[PDB]
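J.:
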Amino acid sequence: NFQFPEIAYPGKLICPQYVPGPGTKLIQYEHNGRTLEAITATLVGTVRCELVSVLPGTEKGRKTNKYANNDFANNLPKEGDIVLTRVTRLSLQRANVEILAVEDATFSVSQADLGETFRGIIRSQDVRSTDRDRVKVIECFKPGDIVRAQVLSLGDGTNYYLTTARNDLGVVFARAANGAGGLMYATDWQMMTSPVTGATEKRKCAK
Amino acid sequence: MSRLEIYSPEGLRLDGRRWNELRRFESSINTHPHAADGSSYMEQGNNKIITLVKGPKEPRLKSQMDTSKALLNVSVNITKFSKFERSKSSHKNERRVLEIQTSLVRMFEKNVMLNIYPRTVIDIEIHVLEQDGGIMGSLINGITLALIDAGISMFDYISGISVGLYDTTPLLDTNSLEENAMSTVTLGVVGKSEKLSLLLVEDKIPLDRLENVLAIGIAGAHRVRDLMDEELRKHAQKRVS
Amino acid sequence: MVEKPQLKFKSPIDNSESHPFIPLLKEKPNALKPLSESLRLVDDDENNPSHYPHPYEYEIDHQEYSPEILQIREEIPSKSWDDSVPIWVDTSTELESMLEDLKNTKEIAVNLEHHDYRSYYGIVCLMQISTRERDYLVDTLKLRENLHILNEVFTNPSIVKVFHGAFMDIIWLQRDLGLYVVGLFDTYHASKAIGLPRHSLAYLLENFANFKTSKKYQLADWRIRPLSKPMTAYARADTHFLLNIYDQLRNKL
Amino acid sequence: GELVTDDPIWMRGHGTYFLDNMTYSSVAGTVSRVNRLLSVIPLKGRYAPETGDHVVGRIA
Amino acid sequence: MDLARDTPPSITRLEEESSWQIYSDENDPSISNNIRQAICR
Amino acid sequence: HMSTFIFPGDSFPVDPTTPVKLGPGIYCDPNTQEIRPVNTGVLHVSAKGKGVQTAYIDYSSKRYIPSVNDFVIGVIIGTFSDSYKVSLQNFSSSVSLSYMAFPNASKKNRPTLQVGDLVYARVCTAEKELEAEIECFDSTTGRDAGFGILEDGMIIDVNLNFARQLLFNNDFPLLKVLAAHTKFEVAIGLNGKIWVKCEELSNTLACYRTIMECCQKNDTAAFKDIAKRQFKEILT
Amino acid sequence: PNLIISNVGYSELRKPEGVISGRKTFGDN
RNA sequence: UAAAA
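So the sequences go chain by chain: A, B, C, D, E, F and G. Just so you know, the first sequence maps onto residues 4 to 20, 35 to 67, 107 to 160, 186 to 193, 196 to 290 in PDB author numbering. The opening position of the second sequence corresponds to residue 1 in PDB author numbering, with each subsequent residue numbered one higher. The opening position of the third sequence corresponds to residue 128 in PDB author numbering, with each subsequent residue numbered one higher. The opening position of the fourth sequence corresponds to residue 58 in PDB author numbering, with each subsequent residue numbered one higher. Just so you know, the fifth sequence maps onto residues 239 to 246, 267 to 299 in PDB author numbering. Just so you know, the sixth sequence maps onto residues 0 to 49, 51 to 236 in PDB author numbering. The opening position of the seventh sequence corresponds to residue 90 in PDB author numbering, with each subsequent residue numbered one higher.
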């Protein structure tokens, strides 16, 4: 199933109809005959067969991750994906965040601050696993904390829907007094403490 | 032209008119039924003004919207070919133009029943094809006749008249040559009344003479109202029948 | 415990739904179109089943209004609350003494009461009519067969009828009593058009009549007889000041 | 801006503003006297949405 | 629809089951060439 | 019992051994864990054994910060679906006044408040990372007297020092010198708002002019002569 | 390390202890 | 579009 050249450039024909995929499109060509459905690669990289797809970059560019900002922009967070966010705004019934990474482990750095970055919203009904109706988001998150939350339904009119109703989901990195203190570590399920400063702050820990 | 007589002892001005005579008034209604809901081609003397009224409609963005009244926008665009010498400047963003655009909005937002049209915006687009003195007053009469064509509820007419004072003699409807030789006053009279929605004085006038200038100014403005009113009578009668 | 008034009626209530609603009208006073052609079923156009039309449909869209509502006249204050007693209407003779009193006026205030816990469609229980001098309380349980005489006043264009949120009172007057209103002045739609924060009747009594009311008898069983002392005063208050409120709202409108 | 009638026994409708017990017109058009409802029908009038109208429109 | 309608006690009503067949942007595949020239006329 | 003028960055004249209950003006560093002033004002302390000691700094300010258990006057600027939107001070952030934060509150009936209405409420939530919240009834004790709409009258803009010295310090000779001239009712707001109201407008205006003149004048013993001349001026 | 209680507002520091009337109506005189 | 009982 692999007679084609290794690398592929935008415009190089692959195989007839096989099914398309990431990096291909059914383009009908004409060579003094009937139009044949030819699958044409539209990316610079190597062709892979499973399902026909053309992945961008060389094998050295994938291990060294030379396409860091190119990988996250091409792979949008789909349904059920687990991402890493940063708290930006705290509302009474929600918590606006900012998507910073996404995994399939391995991740992908987002866009470098200025706007036009992927943001989400963690509803109060999906903060904890028990007592989903009455929660206190002020006791769960603070602005400037890295939160690991899994996405939910994609009503992406502007934001995303996330949840932390599990044990491995919640605040994974924070600092005392919203960055004015020391690096805190998650001890209990809802108790975070910094060793040096000794102060405790109530979070939605993940351990 | 040259060194002319502004007001000779024979009572005749440089263009032949007399002290209380107006330039020819030829207004036109519904000149752009394909570009705006309101239209008025004002031809007061040499002046040729195109006024469009687009609305009342939804605003292009929900940011600016008054939930209790309407938004009145006026866009006065003086073309480069408005005078004999083609203008080299930009004119659009000129500080003198922004003052006129604002003075027109305040003048009509109190006369136009913006409450009847809440959560809406009324855009007024003006293009001056030619000017020759008294351009402010002709801008007034154009907006009045353009809103009426759009079916916008107003309390009364708004008339624009320009009056100049040469020594001790007022002059109605001043042209460009007369404005460059004496003080100018543009009035904004409401209907057949003496209520002034606009009073612009841009040159020195003795206090002992201003009252008489205002009286002769509002008197000529009523005459401007009738010429606009008679234009609507003729336009409505020929349209129904 | 109070027994159901449905059992003491002249005839049981048609709960079969074997035919569309037949209007309970036999006399149509103050009518522009005759009652004859109003008793024919409208052919089921599109997918609206055949149904008898509103008997006073044409009488509402075309009849003129009384010159009393187009004017801006000085408001007349409501009669003193303590120096005035209601007039309970319980017999046909007492009903006649009120109808001819309602024919010699121009503004009346009407309100109804309803019960729908021990009845399917429900039954009216008390009508609250009040004029500029008197306040009436009509027992719609015994006079149910006699209240259709009131159409002489409720359909008189010269007389103004002042309700409040009559979106259900119009349905009850026609379903249980065969009554219809021509010349309606709903004060709810007046408060909704003025721009008041709330549109309840308790709001208009505390701001336009200064009547501190205790709204707790709405969900009461209005079938008990006789009515208690607090409810008899609670029922008359819904229409006592409603005529002075109509004057204040009309002039503002 | 003109006076249409001085009779207070009228119902002010669309294109009409009440003032000092006298009725004036707010737009330019014809006078309509249906029952006691006094209104002015303007020349160039847009679409007036009424209850129970079959219309066609695109999502904005 | 416009062709079949425009030209020619224990019941408490039921709810109609309507799918997204009327919301699909997919137009009719084969429209008559003689019919499209009538729409332009 | 010590009161001395301090400055931001100066040493704190309190021993670390003694238990302390700091308040406004004093900050705790999240790194050095030391206690340092951040405001310029008089440092007030009070050592009592019953055995807790408190310390705070009284500084001059005009921008109000929402703090819990405060009596504030606000203006209703928006009506949402489940709460109001009140403005405790111009340019400052908004506060939340829920419809359920009223005497005899219920889901069935909404409060009769509309926009532009002056309300008197108690700050029940003053979180730094959240929007502040107010309520027209003390949700901790059940009190509700005085809270509600302040119909008519006139509001006065004063600094925060003039508001606390008028609500808490009962020795402030303002309500006493004003009541000696005309009968009135006052509403003291810690956000720098003083709402007054009299029978006649001439008396309400005279109360507006005295509080304004007494707000800028620091001499407390001159309040008697201010109202003596102010209430005499309105007689012409 | 110190004996720290959260920074309290201006009202809780006073002595009346919440028995204060913010809206005092001065009747007569 | 928080009116009616």
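Think of the CB as a built atom: it goes at the ideal place given N, C-alpha and C, for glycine as much as any other residue.
Rounded to the nearest angstrom, what separates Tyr307/C and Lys153/C at their Cα positions?
T.: Walking along the third sequence from the start, residue 307/C turns up at place 180. Walking along the third sequence from the start, residue 153/C turns up at place 26. Their backbone Cα atoms lie some 12 Å apart in a straight line.
J.: With distances taken from CA atoms, which of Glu164/C, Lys319/C, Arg200/C, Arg271/C is nearest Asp374/C?
T.: Numbered from 1 along the third sequence, position 247 holds the residue referred to as residue 374/C. Per the Cα distances, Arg200/C.
J.: Comparing alpha-carbon positions, which option in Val255/A, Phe128/A, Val110/A, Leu156/A lies nearest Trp272/A?
T.: For the purposes of this step, residue 272/A is taken as the residue at position 189 of the first sequence. Comparing Cα-Cα distances from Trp272/A to each of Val255/A, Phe128/A, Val110/A, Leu156/A, the minimum goes to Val255/A.
J.: Going by beta-carbon coordinates alone, are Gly142/B and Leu187/B separated by less than 9 Å?
T.: Locating residue 142/B in the second sequence gives position 142, counting from the first residue. Locating residue 187/B in the second sequence gives position 187, counting from the first residue. No, these two residues do not count as a Cβ contact at 9 Å.
J.: At the level of alpha carbons, what is the spacing between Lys42/A and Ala129/A?
T.: Here the question's residue 42/A lines up with position 25 in the first sequence. Here the question's residue 129/A lines up with position 73 in the first sequence. Each residue's alpha carbon lies about 20 Å from the other.
J.: Within the same chain, show all residues whose beta-carbon is closer than 8 Å to that of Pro99/D, passing over the 5 residues directly before and after it, in chain order.
T.: As a first step, residue 99/D must be located in the fourth sequence, where it is residue number 42. Around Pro99/D: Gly72, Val84, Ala85, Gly86.
J.: Is there at least one Cβ from chain B nearer than 9 Å to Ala85/D's Cβ?
T.: Along the fourth sequence, one-based indexing puts residue 85/D at 28. Cβ-Cβ to chain B under 9 Å: yes for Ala85/D.
J.: With respect to the alpha helix (DSSP H) encompassing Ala360/C, which residues constitute its N-terminal and C-terminal limits?
T.: The residue given as residue 360/C occupies position 233 in the third sequence. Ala360/C -> alpha helix (DSSP H) spans 356 to 367.
J.: To the nearest angstrom, how far is it from the Cα of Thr270/E to the Cα of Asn174/C?
T.: The count along the fifth sequence starts at 1 and reaches residue 270/E at position 12. The count along the third sequence starts at 1 and reaches residue 174/C at position 47. Each residue's Cα considered, the two are about 16 Å apart.
J.: Of the residues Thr140/F, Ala121/F, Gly142/F, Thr141/F, which one's Cα is nearest the Cα of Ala132/F?
T.: The count along the sixth sequence starts at 1 and reaches residue 132/F at position 132. That would be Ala121/F, whose Cα lies nearest to the Cα of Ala132/F.
J.: Please list the residues of the region 140 to 154 of chain B that have a C-beta atom closer than 8 Å to any C-beta atom in chain D, keeping them in chain order.
T.: Within the region 140 to 154 of chain B, the qualifying residues are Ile148, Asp149, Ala150, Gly151, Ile152, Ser153, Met154.
J.: Whole angstroms is fine: what's the gap from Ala58/A's alpha carbon to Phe5/A's?
T.: As a first step, residue 58/A must be located in the first sequence, where it is residue number 41. As a first step, residue 5/A must be located in the first sequence, where it is residue number 2. Cα to Cα, the separation comes out at about 15 Å.
J.: Just the C-alpha distance for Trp67/D and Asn378/C, rounded to the nearest angstrom, thanks.
T.: The residue you call residue 67/D lines up with position 10 of the fourth sequence. The residue you call residue 378/C lines up with position 251 of the third sequence. For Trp67/D and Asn378/C, the distance between alpha carbons rounds to 14 Å.
J.: Below 9 Å on C-beta distance, what does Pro150/C contact in chain F?
T.: Position 23 of the third sequence, counting from 1, holds the residue named residue 150/C. Ordered by position in chain F, no residue passes the 9 Å Cβ test against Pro150/C, which lies about 35 Å from the chain.
J.: Alpha carbons only, please: which of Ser191/A, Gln208/A, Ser207/A is nearest the one belonging to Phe201/A?
T.: Position 118 of the first sequence, counted from the first residue, corresponds to residue 201/A. Here the closest residue by C-alpha is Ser191/A.
J.: Going by DSSP, name the residue or residues bridged to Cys66/A.
T.: Stepping through the first sequence from its first residue, residue 66/A is reached at position 49. Paired residue(s): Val108/A.
J.: Over the uninterrupted alpha helix (DSSP H) stretch that includes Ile135/B, give me the two end residues.
T.: Translated into positions along the second sequence, residue 135/B becomes position 135. Taken as a continuous stretch (DSSP letters only), the alpha helix (DSSP H) holding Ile135/B covers 135 to 149.
J.: If you count every other CB in all the chains shown that lies within 10 Å of the CB of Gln345/C, and 16 or more means buried, which is it?
T.: Counting from one through the third sequence, the residue named residue 345/C turns up at place 218. By the neighbour-count rule (16 or more Cβ atoms within 10 Å), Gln345/C is not buried but exposed.
J.: So, helix, strand or coil for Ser83/F, using DSSP?
T.: Position 83 of the sixth sequence, counting from 1, holds the residue named residue 83/F. Strand.
J.: With distance defined between alpha-carbon atoms, name the residue in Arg350/C, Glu223/C, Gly305/C, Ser246/C nearest to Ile140/C.
T.: Sequence index remark: in the third sequence, residue 140/C carries index 13 (1-based). With distances taken between Cα atoms, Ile140/C lies closest to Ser246/C.
J.: Tell me, which residues are paired with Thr62/D by DSSP?
T.: Reading the fourth sequence from its first residue, position 5 is the one you call residue 62/D. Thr80/D, per the DSSP bridge assignment.
J.: In chain order, what residues of the region 25 to 36 of chain F put their CB closer than 7 Å to some CB of chain A?
T.: So the list reads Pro29, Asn30, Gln32, given in the order they occur along the chain.
J.: Okay, do the region 208 to 223 of chain C and the region 258 to 270 of chain C touch, 3+ Cβ pairs below 8 Å being the bar?
T.: These segments touch.
J.: When the Cα atoms are used, what is the spatial distance from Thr140/F to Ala186/A?
T.: Position 140 of the sixth sequence, counted from the first residue, corresponds to residue 140/F. Position 105 of the first sequence, counted from the first residue, corresponds to residue 186/A. Computed Cα separation, rounded: 50 Å.
J.: Mark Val213/B as exposed unless 16 or more other C-beta atoms lie within 10 angstroms of its C-beta, in which case mark it buried.
T.: Indexing the second sequence from 1 puts residue 213/B at position 213. With 16 or more other Cβ atoms within 10 Å, it is buried.
J.: At least one CB of chain D closer than 9 Å to the CB of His189/C: is that the case?
T.: For the purposes of this step, residue 189/C is taken as the residue at position 62 of the third sequence. For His189/C, the answer is yes, since a Cβ of chain D falls inside 9 Å of its Cβ.
J.: Am I right that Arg150/A and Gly227/A are in contact with their C-beta atoms under 8 Å? What's the rounded C-beta distance?
T.: Numbered from 1 along the first sequence, position 94 holds the residue referred to as residue 150/A. Numbered from 1 along the first sequence, position 144 holds the residue referred to as residue 227/A. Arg150/A to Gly227/A, Cβ: 17 Å. No contact.
J.: Among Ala101/F, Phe91/F, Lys85/F, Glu129/F, whose alpha-carbon lies nearest the alpha-carbon of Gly116/F?
T.: Taking the first residue of the sixth sequence as position 1, residue 116/F is located at position 116. Comparing Cα-Cα distances from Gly116/F to each of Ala101/F, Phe91/F, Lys85/F, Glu129/F, the minimum goes to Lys85/F.
J.: Below 8 Å CB to CB, which residues in the same chain sit around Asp64/D once its five sequence neighbours on both sides are set aside?
T.: For the purposes of this step, residue 64/D is identified with residue 7 of the fourth sequence, where counting begins at 1. Same-chain partners within the cutoff: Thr80.
J.: Step through the CB atoms of chain D and report whether any lies within less than 9 Å of the CB of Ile321/C.
T.: Along the third sequence, one-based indexing puts residue 321/C at 194. So no, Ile321/C is outside the interface.
J.: DSSP three-state call for residue 251/E: helix, strand or coil?
T.: This structure gives no coordinates for residue 251/E. The numbering of chain E moves from 246 immediately to 267.
J.: With distances taken Cα to Cα, identify the nearest neighbour of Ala146/B among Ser197/B, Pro170/B, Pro56/B, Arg60/B.
T.: The residue you call residue 146/B lines up with position 146 of the second sequence. Among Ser197/B, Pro170/B, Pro56/B, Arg60/B, the Cα nearest to that of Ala146/B is on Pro56/B.
J.: Just to confirm before moving on: does the CB-CB distance between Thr54/F and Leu92/G stay below 9 Å?
T.: If you number the sixth sequence from 1, residue 54/F lands on position 54. If you number the seventh sequence from 1, residue 92/G lands on position 3. For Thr54/F and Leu92/G, no; Cβs fall outside 9 Å.
J.: Does any C-beta atom of chain C lie closer than 9 Å to the C-beta of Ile98/D?
T.: For this step, residue 98/D is matched to residue 41 along the fourth sequence. It does not; no Cβ of chain C falls within 9 Å.
J.: Look at the alpha carbon of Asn161/F and the alpha carbon of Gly70/D, and state the distance between them as a whole number of angstroms.
T.: Within the sixth sequence, residue 161/F is the residue found at index 161, counting from 1. Within the fourth sequence, residue 70/D is the residue found at index 13, counting from 1. Approximately 57 Å, taken between the alpha carbons.
J.: Would you be able to state if there are at least three C-beta pairs under 8 Å between the region 142 to 155 of chain F and the region 28 to 39 of chain F?
T.: No, the region 28 to 39 of chain F does not touch the region 142 to 155 of chain F.
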